[PDB]
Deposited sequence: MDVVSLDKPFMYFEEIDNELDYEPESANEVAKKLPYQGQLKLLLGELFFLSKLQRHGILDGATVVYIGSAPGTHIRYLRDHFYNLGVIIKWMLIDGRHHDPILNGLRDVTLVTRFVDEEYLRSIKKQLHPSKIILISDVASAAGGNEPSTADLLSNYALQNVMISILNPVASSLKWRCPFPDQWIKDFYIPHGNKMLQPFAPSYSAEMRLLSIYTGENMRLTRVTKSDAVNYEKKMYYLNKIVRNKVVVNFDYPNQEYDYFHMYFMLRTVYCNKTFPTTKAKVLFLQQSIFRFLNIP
């Protein structure tokens, strides 16, 4: 049936090994928060692993409501990782983020002048940038282009040591013009919406160079067909060789992310650790 046996899930876009022409003919409470929690826990744990997170100031723009960030905050706090959280959004955040000395909440719409101001204020703190800005239902290509121009400005001004940027290529049929984004790996997101082509552009900067790379309409075509294949075919599979309480692909994918997460509690196997982590996360987000 709709079963498959896999060595591992597709962690990055470049790994998707097939395509399928998009067909316009085409579930968990708080699934959006779960999607973000997992991707940011994965990104930040990677930075922890490579010594980048230690003592950093994580600047999150477009973080509201940010309910999941509180879990991230407590997690690293318990691991003794020293971090300063700066959450910035034009709208307000979830109250569970209030009253924490180590997290600054800013209600404000960002522009270049404000960006320059916080950089001057934060310097010489090492900065990690996470951006999830959005402009409604399915923004227009012009709005996405505007959002990406902003993320580039964010990076040029903040000079972060690393960044996680919301990345969804404009649809081919709604192309306007080519544009540039930082060089980075394109992390796939488990529990993303059913037919979402959105990913997380993860970058670790070297030298004082963003290494901007061009996105063409040809690339837009590839992104659409690759992500459709993933969403239509891959994510609707049960991974039979994955010995876990839930065998759906998204759980298999979640497992490969959580297995990279650090915990000071000791477990017998990796499975036991992931099971504990998943339980902890679902419980926090109120997912049965």
Chain regions without C-alpha coordinates, deposited sequence numbering: 27-32, 142-144
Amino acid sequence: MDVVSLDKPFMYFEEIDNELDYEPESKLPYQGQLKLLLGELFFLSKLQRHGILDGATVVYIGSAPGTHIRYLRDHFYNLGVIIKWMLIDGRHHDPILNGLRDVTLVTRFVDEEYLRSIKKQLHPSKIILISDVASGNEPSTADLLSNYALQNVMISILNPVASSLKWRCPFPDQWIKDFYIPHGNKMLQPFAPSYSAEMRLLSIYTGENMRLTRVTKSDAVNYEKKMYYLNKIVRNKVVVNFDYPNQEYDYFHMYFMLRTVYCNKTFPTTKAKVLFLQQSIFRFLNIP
From here on, numbers count along this sequence of modelled residues.
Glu138: gap in at least one third of other compared structures: yes
Residue stretch of maximal mean CA temperature factor, 237-245 vs 57-65: 237-245
Stretch with the greater mean C-alpha B-factor as recorded in the entry, comparing 15-23 against 269-277: 15-23
Per the PDB entry, maximal CA B factor within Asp173, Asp89, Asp102, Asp94: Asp173
Out of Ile83, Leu165, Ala197, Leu150, highest CA B-factor residue: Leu150
Third of the chain, ranked by Cα B-factor, where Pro182 sits: middle
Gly207, C-alpha B-factor rank within chain (lowest, middle or highest third): highest
Ranked C-alpha temperature factor of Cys263 among modelled chain residues, by third: middle
B-factor third for the C-alpha atom of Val133 within its chain: highest
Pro193 - which third its CA temperature factor falls in, relative to the rest of the chain: middle
